[PDB]
């Protein structure tokens, strides 16, 4: 149940989950398309979610955490896969042992220091790295 921009772009929402306000360590999940890698949790916006809504709902399902929705880091495009992702920063404040994409699809999770996160990212998902590279691109 996908939704689309005024310009033909599938609306997506993602969220960089930090373990602290310091934003030093971000939580990545295993890919759905390719189990052997990591990603910044996020997904399509539903029939009528506010970008923030889809942000939160996505990390819950995919990463299985809950936390304080911070700023809109930015809208991030993808023209190999006509997408746009509202990316937010979330301070995780409730770790769940059981989340729904864990015990359904086999989604794995775990922290990385922002630089290291970027490295394991730019390999298969470079737009995701662009996210973390917007932090120092202030």
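Numbering follows the first chain given and starts at 1.
Peer 1: Using only the Cα atoms and their B-factors as the entry lists them, report which of 83 to 91 and 33 to 41 averages higher.
Peer 2: Going by the record's values, the stretch with the higher mean is 33 to 41.
Peer 1: Averaging the C-alpha B factors as listed in the entry, name the stretch that ends up higher: 19 to 27 or 5 to 13.
Peer 2: Per the PDB record, 19 to 27.
Peer 1: Given 68, 71, 107, 57, identify the residue with the highest C-alpha B factor in the PDB entry.
Peer 2: Most elevated C-alpha B-factor of the set, per the entry: 107.
Peer 1: Where does the C-alpha B-factor of residue 121 rank in its chain, lowest, middle or highest third?
Peer 2: Middle third.
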